[PDB]
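Just so it is clear, the values below take in all heavy atoms, side chains as well, and ignore hydrogens, waters and symmetry mates. Chain identifiers are assigned alphabetically (A, B, ...) following the order of the sequence lines, protein sequences preceding nucleic acid strands; residue numbering begins at 1 within each chain.
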Amino acid sequence: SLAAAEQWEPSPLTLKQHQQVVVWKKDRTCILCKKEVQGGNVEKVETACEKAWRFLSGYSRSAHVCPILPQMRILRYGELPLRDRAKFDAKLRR
Amino acid sequence: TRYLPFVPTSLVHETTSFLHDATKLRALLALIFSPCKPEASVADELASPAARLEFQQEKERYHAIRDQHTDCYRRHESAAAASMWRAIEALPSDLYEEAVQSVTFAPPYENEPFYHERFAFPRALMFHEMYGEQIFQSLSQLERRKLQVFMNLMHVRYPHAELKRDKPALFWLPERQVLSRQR
Amino acid sequence: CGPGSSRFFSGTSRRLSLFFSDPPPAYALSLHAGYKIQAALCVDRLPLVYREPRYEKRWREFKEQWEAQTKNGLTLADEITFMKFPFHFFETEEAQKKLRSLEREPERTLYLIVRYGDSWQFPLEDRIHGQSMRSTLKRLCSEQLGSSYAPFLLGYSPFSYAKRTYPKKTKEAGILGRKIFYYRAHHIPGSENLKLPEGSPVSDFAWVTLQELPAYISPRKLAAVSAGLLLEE
Amino acid sequence: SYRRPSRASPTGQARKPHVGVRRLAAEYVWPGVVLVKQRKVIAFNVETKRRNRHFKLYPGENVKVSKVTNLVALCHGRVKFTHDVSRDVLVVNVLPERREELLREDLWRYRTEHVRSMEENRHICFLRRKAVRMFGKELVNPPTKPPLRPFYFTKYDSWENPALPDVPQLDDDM
Amino acid sequence: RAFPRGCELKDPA
Amino acid sequence: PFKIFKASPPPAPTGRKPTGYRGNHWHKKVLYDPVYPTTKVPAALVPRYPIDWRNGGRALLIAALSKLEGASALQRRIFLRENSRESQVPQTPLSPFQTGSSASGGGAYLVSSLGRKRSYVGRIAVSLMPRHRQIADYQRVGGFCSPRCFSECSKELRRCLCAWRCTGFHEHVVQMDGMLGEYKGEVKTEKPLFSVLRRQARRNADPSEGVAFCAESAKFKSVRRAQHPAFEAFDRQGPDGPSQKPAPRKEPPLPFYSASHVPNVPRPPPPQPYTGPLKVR
RNA sequence: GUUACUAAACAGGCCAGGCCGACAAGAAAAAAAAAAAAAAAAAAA
RNA sequence: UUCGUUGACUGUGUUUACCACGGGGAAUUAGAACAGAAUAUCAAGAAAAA
RNA sequence: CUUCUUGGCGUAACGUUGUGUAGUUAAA
Ligand code: FES
Ligand code: FES
């Protein structure tokens with residue numbers, strides 16, 4: 001109940017499901033960062049782009065800090081379909 | 001005559017000096033845009049891969065646990081709202097009009113020249129008033145500095161909070177004297 | 001569940017008027033489809049001490065520590081931290097180096113319950129035809145609980161309603177039953193407790209938590225009120 | 001000293017607006033036919049005016065709105081009108097049909113009718129419509145000759161000339 | 001019975 | 001003082017493109033009329049005063065206050081409002097994953113966000129308050145506890161404590177107070193709206209009848225007099241029948257003659273929809 | 001099936017012939033809240 | 001969101017509402033086809049026993 | 001499982017034709 005919810009101990013499986021992740025809407029190049037992306041690709045939020053991580057975490061007041069920030073779709077690992085999870089498992093292992 | 005609202009510079013001298021002082025303006029802007037690390041070049045990093053990995057892990061754990069915890073409260077609130085709307089529907093048509101008016105109800109104002117009394121929120125019911133001493137005794141050093149700065153900026157924004165209550169007439173002037181002033 | 005007259009009281013007038021109307025009241029009643037309209041008040045006292053979840057404290061402390069390590073925290077310059085106002089309190093650690101009681105069970109929430117004879121319920125009053133439920137609640141407070149007792153009302157809308165049909169003999173008098181609308185209220189901290197006015201129908205009062213509520217109030221009333229009562233297990 | 005208005009003779013307005021419907025009910029039309037001519041300019045006290053020009057009509061099924069707000073057809077069919085009680089306006093629809101003889105027993109399909117919503121307008125258009133594109137229908141006396149010649153060649157051509165040869169009709173289902 | 005032809009059957013394949 | 005002969009403020013001048021001077025661009029039709037499109041006013045032509053301490057410095061101060069309180073508090077308040085407006089009936093618990101089996105969502109906000117593919121970055125952008133109305137609204141209800149304390153905390157100097165340590169049971173208290181304290185009647189505006197309109201409570205059919213006791217028969221009887229049954233029906237249900245004469249004149253006949261039979265306009269406008277409360281089934 | 005066009009007179013008067021490479025084109029998205037109170041910043045996205 | 005973008009494209013096809021003619025030009029159709037280039041938007045994510 | 005958008009805005013729409021500038025001819 002409420003007591004158990006407050007005392008909840010997230011299992012490593014639950015933490016893995018709650019892992020955040022970037023899914024790329026489209027292909028694009030960074031103007032200043034020169035990174036190359038392909039639509040449907042899946043990356044870790046930590047290493048995908050530090051400048052975008054600034055805004056995603058709360059240390060940037062500009063939404064244009066990463067030139068391709070609008071092409072991001074931030075989802076949790078557990079929400080991804082089995083196909084994508086298996087396809088990109090290697091790059092999401094942390 | 002008819003009057004219009006106004007706030008002369010004399011009664012708010014403090015905030016004008018605050019905002020016209022260069023150093024105070026710089027400090028306020030730094031607080032707003034903190035941290036002030038550069039974000040233009042590719043080599044500008046305010047963190048490290050490991051640092052932000054640990055931050056992400058902690059944030060994910062926090063959000064997961066908070067969602068697990070507050071969900072019971074959310075369900076209870078949904079049930080309570082259902083019951084409230086059911087009761088309102090059950091009320092008779094005579095009492096319907098009063099039963100939908102919200103706490104802050106007041107009859108419309110008349111510019112002349114179930115409502116028993118004005119709405120006043122007991123200050124003793126505010127969360128920070130009820131638990132101010134305990135939270136203050138449990139704060140940290142940085143949190144105490146934050147509270148101090150929050151106070152000082154609140155006062156700067158509202159130097160006349162008590163003066164408006166005491167002498168509200170000082171903030172209303174005639175049209176023929178208000179409209180004739182440049183911006 | 002059982003409000004019967006025997007279990008309620010015998011030989012009194014004001015108490016029985018509310019629940020049976022056997023001694024007819026001196027004012028005009030208000031019926032809705034044959035059921036008398038009544039307003040019920042559920043005053044609550046919030047916990048007197050503050051509790052913080054471990055995950056919240058952990059996240060906050062870890063954020064402060066992470067910010068300290070990474071040098072990404074707020075600036076909070078001295079020119080905006082020290083400008084000599086009466087409420088000033090900050091000073092750097094370096095410079096420092098140089099069952100009827102409101103205080104009962106302070107870590108939980110309490111609810112004011114009233115004893116009408118041998119029955120434990122919430123304060124209740126009848127609606128006189130043509131007057132607001134707010135006025136009915138005010139009369140309830142001023143005549144049953146305390147002439148100076150004025151708890152803060154959370155709104156003009158009820159948070160729940162209940163129905164009760166009279167037996168055959170009682171309904172033969174022309175009133176089919178009573179329908180009750182419940183309203184929440186807050187006991188303003190620092191305000192005086194109840195002082196039952198002389199002649200008030202209330203026999204006694206208590207301030208019980210959710211856990212103790214079923215020990216006093218009937219399961220039917222608990223079902224009627226629990227949806228609106230705050231959540232605390 | 002009388003100020004002669006600029007629109008006095010001989011410099012009056014040569015061409016009048018001619019605002020209103022340009023096709024009546026049950027008339028056959030094809031994409032591009034202007035069902036109703038309208039203008040964007042609006043009077044300065046419209047709600048007090050009484051002339052029928054100021055109050056525009058509304059597009060419905062298989063009808064577009066032009067740049068100047070003309071209502072134009074989008075499919076080969078027959079015109080129908082509807083009255084919107086909720087908005088108190090007239091709505092122009094086109095029921096899609098291939099060219100064929102307009103019979104007396106089928107005229108009821110193009111009556112002006114009252115509706116409350118555009119959903120009900122679409123429902124009524126479906127109910128009165130003759131047939132659907134995917135199933136078609138048996139055409140009753142369909143035309144078989146080529147169309148009328150271009151206007152710039154002759155303004156007064158003859159419809160269904162028996163001396164001309166039969167040519168396939170493969171455009172009125174679109 | 002015969003059926004009218006679809007949009008696909010009218011393109012210049 | 002508090003009571004004063006207030007002047008009606010002059011209307012703010014809505015800008016206009018310097019074109020179309022011969023036409024009436026202020027028809028009373030609703031956006032976006034297919035046949036009566038409304039002329040747009042570019043934001044670059046709306047007259048706005050030059051920025052000074054009254055409009056800029058105040059925004060800076062309120063922004064600093066929000067920074068101190070933390071954007072997370074604003075995000076949480078917005079999320080709670082959005083979830084409350086949509087979860088006013090008992091829902092089944094919702095997990096965010098097909099196989100988590102242990103994780104709970106925290107509200108129908110999840111369903112809405114998944115359906116709209118809402119922008120995680122967009123929520124942060126909104127919480128950062130880049131717009132004048134957003135800052136003005138934070139200056140008025142910026143307090144975390146606003147659903148229960150409204151604008152009373154707009155000037156309190158220890159208000160940040162709510163944002164810092166109002167969580168769990170205290171958040172539940174805020175929500176439960178707000179649900180009882182919020183408005184539930186008809187909103188009356190002529191301005192455009194495009195979001196799901198807030199709920200308006202349904203109204204019961206029957207009214208309440210006053211009854212007083214009569215000892216002559218030892219029974220309760222209605223306070224109101226008898227009247228004819230037809231008169232009772234007219235008073236209760238309405239005019240009865242499909243047509244009746246207009247209301248009789250309540251003013252003394254005018255000495256002068258006026259053409260009172262003439263309608264107000266040659267072509268009456270369309271009927272207005274009923275915006276009031278609906279009945280209860 | 002179906003009622004809609006239509007301002008002649010030196011008749012009773014109107015006219016500013018112009019704006020925009022974009023918060024003015026514009027995909028996707030978003031968008032204006034009853035009464036009262038607070039604030040006196042002409043503020044929906 | 002403080003979100004992209006430049007279709008405010010290059011061409012083939014003489015068919016079309018209106019009608020003295022001219023200015024298809026108070027400002028009509030996907031002439032629903034064809035040859036290039038570009039911009040935005042995908043879809044799916046079903047099954048929680050006793 | 002055909003294809004979610006698109007060749008401006010403009011309730012004053014730019015002066016037709018001509019001259020001039022400019023474009024096209026491994027064809028017309
Ligand atoms: S992908 Fe290069 S800065 Fe974000
Ligand atoms: S902000 Fe008002 S009591 Fe918390």
Base G/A39 paired with F/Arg140 side chain (donor-acceptor, <3.5 Å): no
G/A40 sugar pucker (north/south) via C1'-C2'-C3'-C4': south
Side-chain N,O (F/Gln98) to OP1/OP2 (H/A46) below 4.0 Å: yes
Spacing between D/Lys37 atom NZ and G/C5 atom P, to the nearest angstrom: 13 Å
is_close_aromatic(C/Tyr156, B/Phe114), centroid dist under 6.0 Å: yes
B/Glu97 CD: over 12 foreign heavy atoms closer than 6.0 Å: no
G/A25 sugar pucker (north/south) via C1'-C2'-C3'-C4': north
Side chain to side chain donor-acceptor pair (under 3.5 Å) between F/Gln139 and F/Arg58, intermediate numbers included: CA-CA 10 Å; F/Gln139 160 170 269; F/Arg58 299 209 189 111; over 6 Å; no
Residue B/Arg157, side-chain heavy atoms: nucleotide from G/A40, H/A17, G/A38 that is nearest: G/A40
Listed nucleotide nearest any side-chain atom of F/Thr19, set G/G26, G/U6, G/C19: G/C19
Backbone N/O of D/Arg128 and side chain of D/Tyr110: donor-acceptor pair under 3.5 Å: no
Over 12 non-hydrogen atoms of neighbours within 6.0 angstrom of CD in D/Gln13: yes
Below 4.0 Å: OP1/OP2 of I/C9 and any side-chain N or O of D/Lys67: yes
Phosphate OP1/OP2 of H/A30 contacted by D/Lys64 side-chain N/O (<4.0 Å): yes
Side-chain N,O (A/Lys26) to OP1/OP2 (H/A40) below 4.0 Å: yes
F/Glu82/F/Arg123 salt bridge by N-O under 4.0 Å criterion: no
D/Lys40 side chain near I/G10 phosphate (N/O to OP1/OP2, under 4.0 Å): yes
Per-pair stack call F/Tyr183 and G/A34, 5.5 Å, 30°: yes
Under-4.0 Å side-chain N/O to phosphate OP1/OP2 contact, F/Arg133 with G/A31: no
Nearest to side-chain heavy atoms of D/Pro31, which nucleotide of G/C23, H/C34, H/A32: H/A32
Sugar pucker assignment (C1'-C2'-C3'-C4' positive north, negative south) for H/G22: north
Heavy-atom donor-acceptor pair, D/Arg7 side chain to D/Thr11 backbone, under 3.5 Å: yes
Whole-Å distance separating the CD atom of A/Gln71 from the P atom of H/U39: 12 Å
Torsion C1'-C2'-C3'-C4' of H/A33, interpreted as north if positive, south if negative: north
Sugar-phosphate, base or nothing in reach of D/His76, heavy atoms under 4.0 Å: nothing
Candidates I/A12, G/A41, G/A36 - which lies nearest the side chain of F/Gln139: G/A41
G/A38 OP1/OP2 closer than 4.0 Å to side-chain N/O of F/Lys155: no
Nucleotide nearest D/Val21 when distance is taken to its side chain, options G/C19, H/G45, G/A4: G/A4
F/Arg131 side chain near H/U2 phosphate (N/O to OP1/OP2, under 4.0 Å): yes
Evaluation steps, salt bridge (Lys or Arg N to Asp or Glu O under 4.0 Å), between D/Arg109 and D/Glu97: CA-CA 12 Å; D/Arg109 304 177 188 270; D/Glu97 268 95 59; over 6 Å; no
Side-chain N,O (D/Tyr2) to OP1/OP2 (G/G12) below 4.0 Å: yes
Pairwise P distance for H/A38 and I/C9, with rounding to whole Å: 25 Å
Rounded distance in Å - NZ (D/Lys80) to P (G/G1): 12 Å
Sugar pucker assignment (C1'-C2'-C3'-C4' positive north, negative south) for H/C19: south
Side-chain donor/acceptor of D/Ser9 to base of G/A8, under 3.5 Å: no
Whole angstrom value for the distance that separates P of H/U14 from CG of D/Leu148: 20 Å
Length of the line joining F/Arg16:CZ and G/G18:P, which is rounded to integer Å: 15 Å
More than 12 heavy atoms of other groups within 6.0 Å of B/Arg181 CZ: yes
Phosphate contact (G/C23 OP1 or OP2) by F/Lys40 side-chain N/O below 4.0 Å: no
Separation of H/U2 P from A/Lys51 NZ (nearest whole Å): 23 Å
Residue met sooner reading RNA chain I from 5', once E/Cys7 and F/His27 are mapped to nucleotides: E/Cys7
Nucleotide nearest B/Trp172 (side chain, heavy atoms from C-beta), chosen from G/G1, G/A40, H/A40: G/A40
Geometric class of the B/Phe105/B/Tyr115 ring pair [parallel <30°, tilted 30-60°, perpendicular >60°]: perpendicular
Base G/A34 to side chain B/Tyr109, donor-acceptor N/O within 3.5 Å cut-off: no
H/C19 pyrimidine/purine six-ring stacking with D/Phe151, under 5.5 Å and 30°: yes
Distance, rounded to the nearest Å, where B/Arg181 contributes CZ and G/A42 contributes P: 16 Å
Ring centroids of F/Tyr21 and G/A16 base under 5.5 Å with planes under 30°: yes
Residues, nucleotides or ligands: over 12 heavy atoms within 6.0 Å of F/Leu31 CG: yes
Sugar-phosphate only, base, or nothing, as touched by F/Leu197 at under 4.0 Å among non-hydrogen atoms: base
Below 4.0 Å: OP1/OP2 of G/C5 and any side-chain N or O of D/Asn52: yes
side-chain N/O F/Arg123 vs H/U1 OP1/OP2, d < 4.0 Å: yes
Parallel, tilted or perpendicular: ring planes of B/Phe171 versus B/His160, cut at 30 and 60 degrees: tilted
Nucleotide-level pairing of RNA chain H, given in dot-bracket where Watson-Crick and G-U pairs need both distances under 3.5 Å and | marks other strands: ....|...((((....................)))).|............
Closest nucleotide among H/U29, G/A31, H/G45 to the F/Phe194 side chain: G/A31
Side chain of D/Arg111 - closest among G/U2, G/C15, G/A41: G/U2
Nucleotide nearest A/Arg28 (side chain, heavy atoms from C-beta), chosen from G/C23, H/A40, G/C10: H/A40
Residues touching RNA chain G, which here means a heavy atom under 4.0 Å, drawn from residues 46-54 of chain F: F/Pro47, F/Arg48, F/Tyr49, F/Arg54
G/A30 phosphate, OP1 or OP2, under 4.0 Å from F/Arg116 side-chain N/O: yes
Anti or syn - H/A26, cut at 90° from 0: syn
Any F/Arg22 side-chain N or O less than 4.0 Å from OP1/OP2 of G/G18: no
Separation of H/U16 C1' from D/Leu74 CG (nearest whole Å): 14 Å
